[PDB]
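Here the structure is laid out as structure tokens; the discussion comes afterwards.
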Amino acid sequence: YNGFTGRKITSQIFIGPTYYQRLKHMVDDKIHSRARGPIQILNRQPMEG
DNA sequence: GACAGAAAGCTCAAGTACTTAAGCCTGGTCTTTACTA
């Protein structure tokens, strides 16, 4: 049944329990932004990493 | 003066030196100086 309106769904959906894994990769460890931060010593260019 | 031989020359196959080798990103760990003097 549709969660929003309560109407039945015309197609019949395949459902069941399946074993799922959470992986090490998370967005909080990958999100990054830069604006006039640290400057490399030799090239006077933005840092790496 | 006509031939042949010995010449410098020239070109053409093998061998050698040198080059590049995807893009971005995240971590971790280790180490710069150990050894003779």
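Here, A, B, ... name the chains of the structure tokens in the order displayed, residue numbers run from 1 inside each chain, and ligands are numbered from 1 in the same displayed order.
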
Would you kindly report the residues of chain A within 10 Å of chain B, using only C-alpha atoms (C1' of nucleotides), as a list in words?
->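 My answer is residues 25, 29, 30 and 49 of chain A.
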
Preceding selection exported with C-alpha atoms as a PDB file, in the first residue's frame:
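Now in result-v3.pdb:
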ATOM      1  CA  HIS A  25      33.139   4.608   3.567  1.00  0.00           C
ATOM      2  CA  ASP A  29      34.989  11.272   6.130  1.00  0.00           C
ATOM      3  CA  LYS A  30      34.934  12.317   2.452  1.00  0.00           C
ATOM      4  CA  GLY A  49      45.010  16.438   0.868  1.00  0.00           C
TER       5      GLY A  49
END

Selection near residue 47 (chain A), 12 Å with only C-alpha atoms (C1' of nucleotides), sequence-local residues under 2 positions removed, as JSON, numbers by chain = {"A": [34, 35, 36, 37, 38, 39, 40, 41, 42, 43, 44, 45, 49]}

How many Å separate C1' of residue 22 (chain B) from CA of residue 23 (chain A)?
->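 Taking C1' of residue 22 (chain B) and CA of residue 23 (chain A), their separation equals 27.5 Å.
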
Within 12 Å of residue 12 (chain A) using only C-alpha atoms (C1' of nucleotides), minus same-chain residues under 3 positions, as a PyMOL selection string | chain A and resi 1-2+8-9+15
